[PDB]
Amino acid sequence: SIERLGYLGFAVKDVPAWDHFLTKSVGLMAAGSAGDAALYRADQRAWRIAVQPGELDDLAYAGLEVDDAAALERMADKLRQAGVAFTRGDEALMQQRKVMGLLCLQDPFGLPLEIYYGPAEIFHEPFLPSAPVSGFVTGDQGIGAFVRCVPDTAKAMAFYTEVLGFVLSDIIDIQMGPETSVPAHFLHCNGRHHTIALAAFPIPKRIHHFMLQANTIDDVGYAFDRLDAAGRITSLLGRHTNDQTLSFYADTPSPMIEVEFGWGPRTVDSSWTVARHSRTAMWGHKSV
Amino acid sequence: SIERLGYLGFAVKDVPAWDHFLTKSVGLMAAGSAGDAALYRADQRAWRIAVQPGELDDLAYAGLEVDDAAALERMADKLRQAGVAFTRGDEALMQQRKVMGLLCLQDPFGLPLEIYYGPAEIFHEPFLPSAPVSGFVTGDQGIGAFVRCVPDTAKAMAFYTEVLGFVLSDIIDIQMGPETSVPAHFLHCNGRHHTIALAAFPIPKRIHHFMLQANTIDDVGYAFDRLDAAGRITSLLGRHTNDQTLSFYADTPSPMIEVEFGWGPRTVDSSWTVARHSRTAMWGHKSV
Amino acid sequence: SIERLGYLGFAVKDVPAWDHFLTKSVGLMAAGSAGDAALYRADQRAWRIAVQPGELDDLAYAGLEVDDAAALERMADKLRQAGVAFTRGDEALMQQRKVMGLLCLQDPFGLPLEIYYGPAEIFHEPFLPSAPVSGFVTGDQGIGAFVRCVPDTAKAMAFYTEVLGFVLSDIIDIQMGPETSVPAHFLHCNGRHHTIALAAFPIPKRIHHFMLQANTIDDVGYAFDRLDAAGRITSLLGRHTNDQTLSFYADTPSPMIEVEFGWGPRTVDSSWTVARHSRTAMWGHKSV
Amino acid sequence: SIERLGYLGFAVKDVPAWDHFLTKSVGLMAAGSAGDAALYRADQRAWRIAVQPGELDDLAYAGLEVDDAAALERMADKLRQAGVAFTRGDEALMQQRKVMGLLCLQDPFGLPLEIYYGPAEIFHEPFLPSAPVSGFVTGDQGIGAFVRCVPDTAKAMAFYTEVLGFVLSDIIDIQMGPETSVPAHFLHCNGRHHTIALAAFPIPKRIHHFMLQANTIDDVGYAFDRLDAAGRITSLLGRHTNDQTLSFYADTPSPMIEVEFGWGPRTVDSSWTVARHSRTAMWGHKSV
Amino acid sequence: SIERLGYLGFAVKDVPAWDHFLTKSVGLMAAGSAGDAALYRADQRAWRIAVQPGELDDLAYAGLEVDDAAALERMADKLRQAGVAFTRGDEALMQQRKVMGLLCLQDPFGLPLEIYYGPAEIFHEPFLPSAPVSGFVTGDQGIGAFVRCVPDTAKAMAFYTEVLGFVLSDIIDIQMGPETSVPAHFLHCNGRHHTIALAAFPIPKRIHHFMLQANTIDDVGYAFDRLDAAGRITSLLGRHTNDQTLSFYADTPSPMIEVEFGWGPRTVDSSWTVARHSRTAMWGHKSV
Amino acid sequence: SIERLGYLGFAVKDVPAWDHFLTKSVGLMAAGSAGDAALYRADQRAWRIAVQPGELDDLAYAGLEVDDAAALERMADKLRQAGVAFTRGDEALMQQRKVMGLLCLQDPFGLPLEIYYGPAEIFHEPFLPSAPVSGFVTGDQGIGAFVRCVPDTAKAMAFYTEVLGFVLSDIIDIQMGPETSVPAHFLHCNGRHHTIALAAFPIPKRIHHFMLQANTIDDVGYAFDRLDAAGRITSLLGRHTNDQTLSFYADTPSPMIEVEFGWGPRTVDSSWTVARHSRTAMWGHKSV
Amino acid sequence: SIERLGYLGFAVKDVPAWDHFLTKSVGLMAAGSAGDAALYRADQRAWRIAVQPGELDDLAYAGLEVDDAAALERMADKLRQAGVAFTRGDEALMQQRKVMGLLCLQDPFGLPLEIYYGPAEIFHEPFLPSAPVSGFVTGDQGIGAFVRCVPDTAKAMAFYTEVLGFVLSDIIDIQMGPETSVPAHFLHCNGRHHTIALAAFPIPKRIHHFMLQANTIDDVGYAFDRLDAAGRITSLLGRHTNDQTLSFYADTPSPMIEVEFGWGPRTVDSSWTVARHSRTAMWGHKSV
């Protein structure tokens, strides 16, 4: 099974705006380029987020990491047995993403996924944030999480759990209208409460948002002000019911895609009980 | 196997007396109603104890929790293989108990059991006790425990262990008369020393008592005085030989059903050795 | 010297609104009455805040605590030597405030102060909050703090430091207009970063606000939502530069008097260096 | 000033009953005799409690310890300056109490006090309790405490504080009748919340009770049962408002003198604030 | 497999001498009798060592504990499969040893073994040592250990490992004469470095010695002096190479059987590497 | 007495080279300018190091901090009593250094010193290093230290100790030639092993070097490589005998002035014993 | 699978130079001889490194340890199944290496390997270093590591992983020339980041170097100076990218074989992710 979410690639209309957003606002470290993709770091990895020009203004691919070569062949076997089409990344792609091997596939609704092993680390170029952020919580929990929009949550659930090995943490019924709610399913594949959530939102984007976790509450507080100065805040500070991440939300430069910048969630394990929540926020998160 | 005891429902003759008892005396939080049942909370769960009108003046049902949907189907399989009759809770029942799925059955002596998964949590309405109690120890150990009266301990034991997956912790020989004792069997299904004890007491009730565990010794001390002011104390403070819960006992408003309010027990695991004790109390617990 | 701020008395136009505000919103425990004053508790003390009817809609008095009878006589000596008028609280007043002895005086600008020793504690009636708040940080640091408006900060400073024994922690230049700032002086008399701050604000009230410190960040988060539901929020969540209290502000029912509800500040001692800050907030606290 | 209470001597009508009481019930170690006094140990000291035959059935003397020879001469100087009569213990007395030097005096109401230094320790005969008690909390806090009955609390207070250097911790108003209470004053001379309390009780004895502090709550629980088997319990388990000792009370064999056997109190220091309490118990301690 | 050594029974010529030895010297608690056996306690168990009259002056039986009824049936199955004769303890024997079930067998060289489950605990009669010893280390590691003399170590090894499930920890070559050594094999069945050691010593007894582990180094030091006063010391204080127990040895009243009284050994687990040592002592243990 | 070294000002020939050196190499944060001085930060202070153009290529002034206004007047009194000339910084100077008050003087050999209180902090502009350094150890220990060259160590010693209140930590005899050594005296004024060392080196500069302390050993390791890439290393990694700072040395752009970048020293207090060392390095620090 | 590297044997041209090197420089304890091999200790083992005369001037054999006799037979089975030739060490060899059993084989490129169990420990002759080194980190992680030169890394990898059970930790691309790098594969068999690394270096030796890990950073610092005094340093202090060992390198007396003396690495487990690094050093390690 997938061990963690390791990287994200966005294809966007305003590369400079994304560059400023990820560095001066979010605090990531600019790390050069690979092909037409600008690269950004959050830790020791050669890169975590890639930004390339494109009309999509959306997530273009997600990297799903495994721990070694044999694990990757086992994922190939799982894909074959499940009838899921995939191709093996060629040398150029391997070089482009800085990995030792990868399988290219899509989820049932067209999001390209890349299952890989052997990513590049560059400890000789220690991480230096572009804005005051003490650091990000990554490690075995990967880069963070994202909320995947899908037209059929049950169909998406079967794929992510049965094929990729993610596990359901819990569900939140997100009230949309007076008598309309959407059951968001939160899935884990390691200690991070969730790495991918699945929801049938009426949004045209592949994802609703991606989440990064910072080391301290002040990191979050300071980041709020930077995004507020940029005019991008979409939520006040708040804390989620299920993972208890204390965060705020802001718009990325791609319309309808937000970022969640947070701190201090609960983590999970094999004893996590599936439960249901009627609200996204235990406190705060008022929409603005 | 069952992971924990999650809820209890009582059917009683004096609903107002039970309401005052659970709130002003015990300290639980009133949490509205579902159908004709008044609901009470001890933590983040939407409810833990339900009280409905009825002539039984007894425990009407017990909710036995599992961690996910697949676990529930596996319990269904265990019931089928064991020849234990059960039905699937319909939508109305699921809505009534605020769960995602449930199986309805009885133990061999008529106590209705509900095996469920996916309970509702309401972190946006943080727990507020009705009396000075710092909190209850629940979490993975469930709401607490109860002592189930049975006519045939061996028969009850086979069902709870072989069918439901509980495990024997230890036995106490409870001296009843000059040359008469009853062997109480204490069963666990998680870290709580026991969740269900089985005993052939000559009492007309389904249970002898239910137990709640508070966070501090002062919680217990203060609760003693509140129940004493109410004229309900049945035991002085004391500590059990087997789980070493330091507690007192009091009458509930239903005759012959008591409550045990305690603190600081030992917890168990796979290395817990079956042992036998000749007394219920290491110290205290004098009957009054 | 004064050891800590122990109590506050308000004289207000809307006693019921203050009652609801302190209980359902802030979380204090209603504790009966003394004379025409409604009493509120935050801990083991018989009372911490008193609310009496009056047109002032302001702080009517502040209780400044010392540790014993001899300390009180020494404060009397300090007042005499400094030429500050004072009277000794009579039996009725002692009974009213539940103290063993008190001196009644005013600060140079008319705020009545009561220096006392021997307050009443009622551990047999353990604290029970009226809203979900885990508890307040009081103890040797007293009930909290307040910001005292004065027409002459230097004059006020001499009195609070030379006569009462408070000590300057630091200064914040609070920008009021384009080319106008007010130098707020923050004074301590124990580990609390400040107990009284002195500022020449153009506000008609004796105080700008009073501050209570809760045990957890969630206490603060939950309280924000309760005050927001009441329509009283005046600041978003934020953190101060000098004491690093993470808080929000809200209006009390008395116009121009606010409450600050906070968590997690730095504490001080004899090694605290006087420093100057150009902003009140390290992050957040946007005015709304 | 006095550093700690080091020993107590009782003169009683039933020496065998006291012997059984201190050993089999309380758990002290029999330690032979000195003259006509039977000796009992609680720790490394050669003795802590002495029992001699006499019609008093009361406390005959209390040993007040200082840390060295010079400290004792300084106490002599304090007594001289205060006009308090005293004599120097002769060689026989020094040998009898196993000390290097002592001053013999009385408090203003006739209780003999012995101020001493240089007590004997016998680590080569390690402490062995006579009943199951894990140990007593003594050390720098001395053997324990006692409540001294006096006809004039103010007079007693001046002596214990001004002459002997004890310090007021707090006061409890002990309700005796419908409209009658006695203000008990609790005095410390080290970390123990109090070593001597002063109260104008209408009891014919020099003391109301003496208190010993055990290491664990189980020590207390087990001791309760032993004293209950002996028919001596006078209070149920409970916890005091001021020192928060969790204890029970029992009769000694001398009528109107009780023992308090407790655990887990708060300790004090130079920052302890004088406060007043309206009840002796935060919870429990119901009289039986 | 066997979980721990739970009890030992000796058959001796001088019951009074053994009684004094186990109580006044070793510190065990006398606990009455069962049949013609005097019982001794080291902890919460109703008994740990039994002493009965007999000419053997040797270990008469050893109790090997398992955690539950099913485990005992599994041991029965192992014995059957291995062709090892055994009988089921009858009611009288079960009553005599205070257990819920037992299998009676012998090791290949005639030492009676009793495999049992469900021992009696008596927490209402808390442990009280007969001599100054703070306590013994037992719990999941059982009562202690013994060194079993055998004529054929390989044969004994096969039985204890293959049949009973003990595991080899390490070996010490014990030099007997100028060119003669005996390879002692140390076996564990839990965290205790060893519970049974196997050695081909030329001693007529079933065992060379049994070992008890005390809580502190002072326990050991004080015990040394008590056994020295009794004229029983056989070794000076020392520390073993393999388990690093710091101990001394003394004679029991049965000739050629000693006791080892120790403290502070290393404990083991599944990662313990088999190693060989050329000496029994890292330091000390000089024979006297 | 002086509490800590708070700031340093350099007057240099190559401002751009110093700018690159302090930011890209050392890791300090550029913080704008005040007058013709470029400012650099290491923490929450508005500035720590100032660089202005000048032919000196040397330390132009050192800021010595005290905790409050009264402390500054007391230093003025000490200067007056000692006959040391000083002037009071005017408004322009106060504005320039961002302090509430300052005294301007020189040490006996012409180094300008500024004794000040009330420095500016800017927590709303959190520290962001210009190179990968996790942070600096400052706080109550000030910015760091420097080694002051003097022609007469005894004369310098009398001034720094008797007038400014520094305290001798220890001495190192620094071997210069075959039969020539210089006794460097290391002085503290807080927990930092030394803040100023005094040595009669034959160097034309006011100081031999200044020292900054980083949070981790990796900070130091990474910094070494950055300075090595710049061609500035003067010592290999090493650790001092007296403070046990683990550091390396590098040239600043001003000839004969170096920087020491270190980690992990011992800290001092009132119990630090004056001792003498024959070498500067316990290990390493080979000159290159 | 192999549990750890337990010993190394070198065959060298200058035995005295190796003797001085391992004792006076590295700090190992001389431990006599076995046959023509001089023995050296690093801990409780009778020996860790053996040095015998020979023209090879290279590693002559490596001892690979397993935990018991059965484990060794299982390794024999693995060798048989894989078609790898091996012989059983005879009595003389067993005596020579001080082990209870061993299999002699070679890796695919001629390095003799000895798989063994039951090594000799000599706690009665406690370790005494020959130079100031506080101790070495060995225990379950074995003596240390070595870098094995091979002509075919894939072939070597298959043998060490598939046959011996080592596991790939990570890879470093070691740049040799302008457009030439060698992919070093680092393998673990316990918590030590690696025990054997495999690399196709163009060196005539079996190994590039062996590594020892000392307890403290000062151990490393002091050792650097000792090797520098000997003229043997080949690298400055530095820290590796992958295991983060902070070390230096020095020449052994055998040309082209070095020693790495280090401290403070990361350790591994089953969750270690295979990653790739482009440099050997995160910082330092400049070649000299």
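We use all heavy atoms of the structure for the numbers below, so side chains are in, but hydrogens, waters and symmetry mates are not. Each chain gets a letter, A, B and so on, in the order its sequence line appears, and its residues count up from 1.
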* Could you name the residues of residues 235-255 of chain C that have a heavy atom within less than 4.5 Å of a heavy atom in chain A? -> C:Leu236, C:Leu237, C:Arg239, C:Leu246
* Structure fact -> Under a 4.5 Å heavy-atom criterion, the part of residues 126-134 of chain A in contact with chain C comprises none
* Of all the residues in residues 197-223 of chain C, which have a heavy atom that comes within less than 4.5 Å of a heavy atom in chain A? -> C:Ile217, C:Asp218, C:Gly221, C:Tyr222
* To do: Tabulate, in ascending numerical order, the residues of residues 278-288 of chain C having at least one heavy atom closer than 4.5 Å to a heavy atom of chain A, or enter 'none'.
  => C:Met282, C:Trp283, C:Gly284, C:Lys286
